[PDB]
Structures are given as structure tokens and as C-alpha cells.
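For reference, the structure is listed below as C-alpha cells.
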């Protein structure tokens, strides 16, 4: 049978608990993550915006921007890839479906769609408002109905904690899973106990977003495991470090007129070749001919 | 008149001596380069291959992979971008021209094409051969002829020094310039005096590739100015540092079950927002509307 | 100065009265239009949806699908191209601007945005509602502000006549123009006198959509000139004819087991070659080289 | 199991004899072909060049141009799609592989790669020279080794008749199949008897290119069946008719200032809606919600 990246994502879930899922900004970093041992990786929507487009995460990126990053990554790295699909790239059910199908075809193992509103008017400032529960149930149903690969994962993310409180966020989660959501991503959780409540309310795996500088403390895998969390997500960790490292290089080069003093911060040429399996290419040729 | 990235590039050469040109792997890093004060940036061919595609620099990347990175970068960053165009993405004058016109429309300020032979047969193993002086002259002729913007830059890159000795290298350079080459990128120089020799032989600005872990010394901008070099290129510097920092994070997070111990290696959220001009978006809305 | 597709478009309006603008479904047809003598062409939104994607005109096509057709067309055909941008490909001023800047860089001469509401909820059924006059004014303001080429055209399209009656339609048009709209595309007019009324109310060129099988009569260029209309648009005309001819071939070939009986309905090989300037390629080679 | 378009292509081969495979210039025409009853369709390389890019078929199009046409078509039409992959879009085995994998991922059921040389020097005029037998065997092996879906079809096309005669073309064909080719495409065959000779020399299915104005007469499906031909190909038939129909529309509109006299040559609005299953969209919404 043909390989199903979703199938592999769900398998990796069965094998690791919690499953650590790391953000990979580009194909090169996906290889680095694969080498470090991860079993699943991630395409952050904020990273596509900030890193690939140099834009804030305000809904400016398009499906196309994300699709090309998904292909670049999955063309060279076989690890299953979870994709941040925002609110579906379009208001209509027709848009949600095209996004789902395009993403599966581009190579992704799954995606998460959230309940945010986006922008309602040309001058609508960036906001965290969320649609009604019903509206989100409709997005979820449209997305699930669109799965062309039964094993592709449709995860539902809720940002209801900040604007409606815990009990309402949990309640929405139960309705989302009821509508078809296969996994749950409760955003900005503040206490380990809350995760357990979500774990207990919905009988599907839950993801905990362990991002760098927000509302959620830096919970360990052991702590998350105790809270019955099925996945730990680090959406931009590598990216943040990469930026500081590049910045420092740019600054020193500009200040000193040579990079001599930051050489020791650099991945060597040999290391880079190892990372992209440079020599496995010479092998491919030897195996095929000459 | 309409803005010309090429003209601005030529203008940058007059404002700095030598002009520092730093490789920017993506849109985000082009902005960090601009905020660090640079007046010109670069899109490394090996960088597109290794970072964007996770592939070795063996001619697998296509024009389209490079175009995408050109647009992402130049759509948000106004600095003139010099692009590595390998041999023109195709063996025919028709390919060279389509490449030039496409790179211009995508937003580039200039590009360099080299006299490399490339892959001859399907089973061709990586080799360092160069086409005849006449053949490169034809490539250069096709490139200049295709310019749709008179100020766009056609730079010729030659690896003749390591292949045919100095004098022959200089003989090619003179013929390349006479063919219309507007700037020269001589590869593999290990002594300042040599740069002076190229500078003396051709009346076009010359570029010094100060990349790491190669045969060439880490010359300083002042040393370079003393040899009459017009621009100093640092093709993958920030990239090499970003990979190491990212790698370090993936490993530490995997071993420790938390990234807590490497937070101090990360660009802060405020630094992220500032780097991508986050605050200019709401300011834009207030300026346009009520 | 650098060539401006927008400027050339504005210049076309002065050379013809009214300016005939024909929809060109692809690069090939843009060239047939140019060889037929036209001085301006059009990229229909429904055309990109129906011909390029094989989808109904229900807002499924994205900015990226339209950009690809803009580049393919303008990369080879120098005629100014007017583009259907629906409502800006996004609900935020940030989307409108990214759309304008992208269409300009892709090669377009101008675009029109309309005051349609679009899909509100995921389950929204096709509807003909329009935003408030103020909301469209904001969209128009964001669009004009984003122009990177001063001569690029921002045309406002309104379906207010069929929704709110003539006077209200004219009231919106005046406000749209005051907001910076450079040309007007009033929908659903069935009488020449009405065009004259719009022309009289706003001091900007007005466009008459002479599409087939709709509520509007097949007005002639002379009738249109008598009503003060500056340009006559034929959005899908050649497209509708091409599909029928193609359909006829598929059916005849399937029934007969040979296309022999429909050869006389086909563009000859000489006509193909001439249409795509085939002979200019070898001429280019002889002109550049030995 | 997941759907394999190659599997469906091979199935359609088993069911029809000869299998009629029709060229579809865009997604819309793929739907028309599906409606006319075809069981397999085709993406002509000359059509991507002439129709999508408005360029002659001289190796100017890139893999990217073809990949976007493959996605557009297969995203909306489920018929299996045979793709013209020229010589593999790149000289290296690494290029042949990336093309094969990219095309499978984009949705294609199979492709054909030929033994032409392309351009050897910048000024190399368009030609029909072909590589040695060995060189083509290497391309074929690289392509087969790259199949990510065992059912994807790798067809080998030979243009050796025009430059080496029949016996040599047959001999190459035997070597190509020996190297891994799954089907054979002998170009520009002039007599029914020749096909039978190919059919007899290689024990894999053979395709007969029944194109519009070349060396091959317009053989019927019955005649081809008698020659043991497994597939009949009509690469541009629909496209040629579509062009004449569009041209006539452009001319009449320009000459008469109205399209009234060519209305009867147009596919109606209702027909277009039927063709793109416009109303099946209203059904999707009714099934999902509201």
C-alpha cells in the first residue's frame, strides 16, 4: 500500500507519550530534527509568516505560502508533519475543503484549524475574537468531510480560554470533538491541572503548546505525561535560537568588518554536508551506474 | 521613475568601500540584515538548496525554487538583492534569458552566472570543469541582452583560477567584461595581491567571496579595500550560525524533556516583533482609518 | 524610465473610444488578442476559476491562482492587463494591500475590486449582498495606498444598481471615486442612458461589461461611445467559443474513433507557430551569435 | 488503500483497446474530456509551452510550469493523467528523480521521457538530435528507481526514426524496455505496419501519437487495434480547435465592434455551469449543514 503520513503520525503517537512535536522552519531544520531523534515535526503558521515571509502572524500569509513550505519539507524529510492551518484560509466550506485536500496532496500528515474570527472588516485590528461554537462545528465538519486520506489528522484548536474562561473552552472542546475533531489543541493553558480536565472531558488525544514566551509555563514531558497530555509542541523554539544566532553574526560582521570572532558559533561545512546527506548522493550514482 | 533594485545596488557600491553583502537565507533574515545596517543582501544558491530544500548544492534546485525565495525576500525587504543564478538554469540562450527576465520581475537587483560546465550525462559525478571562454562569452551575451531593466546587474563568476592558472583566469575575465559582464566574481583567491591583479585587469567592480571553512582566508573589509575589491560577500555566515543554534535546541529539548535550559539562547518575543516591524501594522490601520 | 503596464493602459484609453478590452484565458490567447490588434486585455476571475481550476466562480480561487496566470500572460505579452481581484483576496486591509502589491509585481496594469460581501459563515450560500458604502470606501483606500507604481489602476466595481436602485448606485460611485477609485465598473446596466448617467456623475472613465448570456444587451462600441463609456469589456467571449470547439472535438473523436472529420475546425500548425512568434527564436540566436 | 492514479491508468488500459488518451490543455478541458467519456487524459509538453506560457516547445518551460498544470487538472478531475516530461527537466539523475517524485506527488498517473538531446551550448539551435542508447538507458533507470508509487507509469519515448531509421529505433526501444521502461512511445511513425513491428519487438504496451499535422497519418482506432497498438494519443486536438474558435471571436469583435455574429459559436452560460458542476456545490452545502 501507499504510505500515509497521517498513519505515521498516529503511529508515532502510539509509540511516544507524550509525543514531542518540534517546529521546523524549513526543510533543513526538519532534517536536523529527524537527526536529533524526533518522530514528528511541525509547520508553524506564525513561522511561515515571520520566517518565510518576514510578516507578522496577522492572516497575511496565504495557503500557497504554506503549501510550498509543506512540499519543501516533506519532499526531503519523511517524518510526519502537523500543519498549522489557521482558520482554513477562506470563509467558505469550499475553502476549508480545498485547503484540507491541497495540504494532504502536498504531503502533510495532519493539520489543526482553530475557532478564531480573523478580520471582519477592512479596518478590523488584529484580534483574538472567536466564532460561535456552532460556526466552529461547521468548519470542523467541512474539514473532516474533505479528508481524502482517512488517516490524515484533523485537530481542532480552541482559543476560548482567554475570552470565555475555562468551563466554556472545555464545553466548546466537547462540541468540537463531537463534530468530528480527532485531537484537541487547547490554547494558552496556564496550569497542569487544566490539561487533565480537557483530557478528561474529551476522549481524544490533547496537545499542549509549550511555546517560548506566552501564557503557558515551560512544562516538562514528565509533568505533561502526568496531566494525561498526548503531545508536547514546541512550535518556534529552534527558530528563535536561529534568529539570535544570525543576528549576532550580522552585528559582529558589521561592527568588526570580519566574521572571525563568531566562527566558533557556526555549523561547519562538514557538518552541513552530513546534515543534508551530501555523500549519500555520490552513493546514489554509484548504485545506479558509472 | 519606478524604483529600480539594480540602480540602488550600484548606488550602494558608492556608499561603502568595500560594500558588505550578506547572505540572507529567508525574508526574516533579510530584515535582520537591514536592521543591522546593511545596504545590500545576497541569495546563495547553495543556501536555497541546503536551507530551503534541504538538498546538497549539486544543481537540483531549479529556477522556481530560487524565484520563490526572491519574491518572499524582496516583497518585504527593500534592500537590493544580488542572486546566485548558477549557469542560467538551462543550457540554452533561451533559458538564460527567461532566467534573467524572471529574476528581475521577481524583484532581484542583480545576478551572477558562472562558467561552470555542470552535469553532462545522467551519470555525471560532481566535477570542476569550465566551459570554453567563447561559450561563457555567449552565456554572458544572452544574459545582458535579456535585461528588461537597464540597471539590473549581470555579474560573471569564474572558477578559472583554480582550473587554468592566474593569467588564463585574467584572460577570461577581460573577455567576459568585453562581452558585457558588469562586475566580476573571481573564485578561489588566497592572496590579497591577486585581487589587486584582477582589479587592475578589468575596469568593473570585483567581488571577494569571504565564505567560511574554505581555502580562502577571512580577509577584513580594510584588507579588501587595500586590494581594490569593491564588495565583500558573506554568502552563508548567518545560516551556518542559525543551524548550530537550532541543532543545539533540538538536542537539548530531546535530552532534557524541556527547553528551559536554552531559553537564554533565544531571540525574545519583543525582538521578534521589532524585527518584523510588527507595530507598523496597527499604525498603518490608524493612519488609513478611524 | 522603467516600463509601466498601468501607464500604457491609461494611454490605451486615449487611443480608442471606447477601448476594447478582451478577456484572455491564458498566455496563448493574450498573444492571439495582440495579433488581432487589441491594445488591452483582461484576466477574468470567473475565467481563472472555471478554465484554470475547473471550478465555479464561488470564491474558491485564491490570489496565488490569479498571480500565476498574471505572470504567464504578462511574461510573454506586453499588452496592459486589467485584473479581476474580487474583493481583495482577504477581509483585512493587510490582504488588500498584499494583493495590490503582488499583482503589480506579477505584471498587471490594473485591477478592480468590488463591494460584494462574499461568504460570511462556513455554510453561507451564494448571495448578492454588498458591504456598506463606508466599508467599500475603506477597501478602496487600502488599495490605492498600497500602489507601488503610481500609474497602476484601481478600478471600483459595484453591483449597487441591482441591489439598491440607480440613485444609491450613483451615490456609492461618487463616494468610491472620492475615496480614490480611478475608474468605475458599474454592473447590471441594461440601458445606454444609464451609462450616460454614471458617466455624468463621476469624472473617471467608466467600463461597460458586455458579457454574453446575461441581462445586459450586446451593445456595440458605437452605441457605447454615444453613452460616454470609456471601455468595452468582453470577459469570457473567446473562452466560451474555445470550450465549444474543444467539446465538439472530444465528442467527434470519441464517436468516430478519429478526428479526421474535424481537422477543418483546427488552427493549422503554421498558424500556431506564427501566433507564438516561433520564428523569432532562431532569429534571436542568429542575431546574438554566429 | 489510498488511490493510485497510475493503477487507474493501467486499469483503463486493460479495459479499452486501444485506450484513447486525449490532450487536455487545462482543468476545464479535462472535465469536458471526462464528460465525453474518455478514461485517461494527457498533459502535452508542447501545450504547456504554447498554451500556458505562450512559448514555442523549445525547452523553455520548467518543471514548475508543468507541476502547476498537473495539480490544477488532477485536483478537480479524477481521470488518470499521462504527463509529457520531455527529457526529465535537468541533465543529472538527481534531476530525473526529483521530476519523477514531484510529478507523482502532484497527482499524475505516469509520464514519458524521451531520448532527445535538448541544447548542448548556449547558441545550440532547436534540434531533434538524440543521445546515445546508453545515455537513454541511464535516464530510464534513474526514472524507474525514483517511482514512489510502484504503479506510477514510466513510459519511454524514442525520436530515433527521423535521424537513425526504423531498425535502429526498434533496437533502441528494446534496450529502453530492457532498462525498465514500462510502455513505449515510438515517435513519428509513418506506416501502420511499423507499429506492429514495435509491438512485436517489445513486450510492453505501445502508444501511437495521432497528432494533428505531422508525419503520422490520422489512423483510426480500428486500424491501430489491428496494428496491436495499445493506446491512441491526441495531444493537442482540442487545443487547436479552441485556438481557431478564440481567434475568430477576437477577429470578429475587433472587425465589427460587437460579438453578435459569433454568439452561436459559444458554449452557453448554462453549459459552462453544467460542465464545472456548478450546482453540485449548492448540494455540498445542503448535505453538510444549513
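Residues displayed in chain B correspond, in order, to Swiss-Prot positions 2-291.
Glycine too: its Cβ is placed from the backbone N, Cα and C atoms.
The Cβ neighbour count for residue B:188 (substrate binding site), using a 10 Å radius over every protein chain in view, is 20. The substrate binding site annotation in Swiss-Prot covers B:45, B:46, B:47, B:123, B:124, B:158, B:188, B:210, B:211, B:212, B:241, B:270.
DSSP gives residue B:85 (Mg(2+) binding site) a strand state. What Swiss-Prot lists as Mg(2+) binding site is B:85, B:87.
Here the binding residues for substrate are B:45, B:46, B:47, B:123, B:124, B:158, B:188, B:210, B:211, B:212, B:241, B:270. Their largest Cα to Cα distance works out to 49 Å. Contacting chain A by the Cβ rule (under 8 Å between Cβ atoms), the binding-site residues B:45, B:47, B:87, B:124, B:188, B:241 reduce to B:124, B:241. Residues within less than 8 Å, Cβ to Cβ, of residue B:241 (substrate binding site) and separated from it by at least 6 positions along the same chain comprise B:213. Checking the binding-site residues B:47, B:124, B:188 against chain D with a Cβ-Cβ cut-off under 8 Å leaves B:124. Under a cutoff of 8 A between CB atoms, and with a sequence separation of 6+ in the same chain, residue B:124 (substrate binding site) has no neighbours. Cβ contacts within 10 Å of residue B:211 (substrate binding site), excluding its own Cβ and spanning all protein chains shown: 26.
In the three-state DSSP classification, residue B:47 (substrate binding site) falls within a helix.
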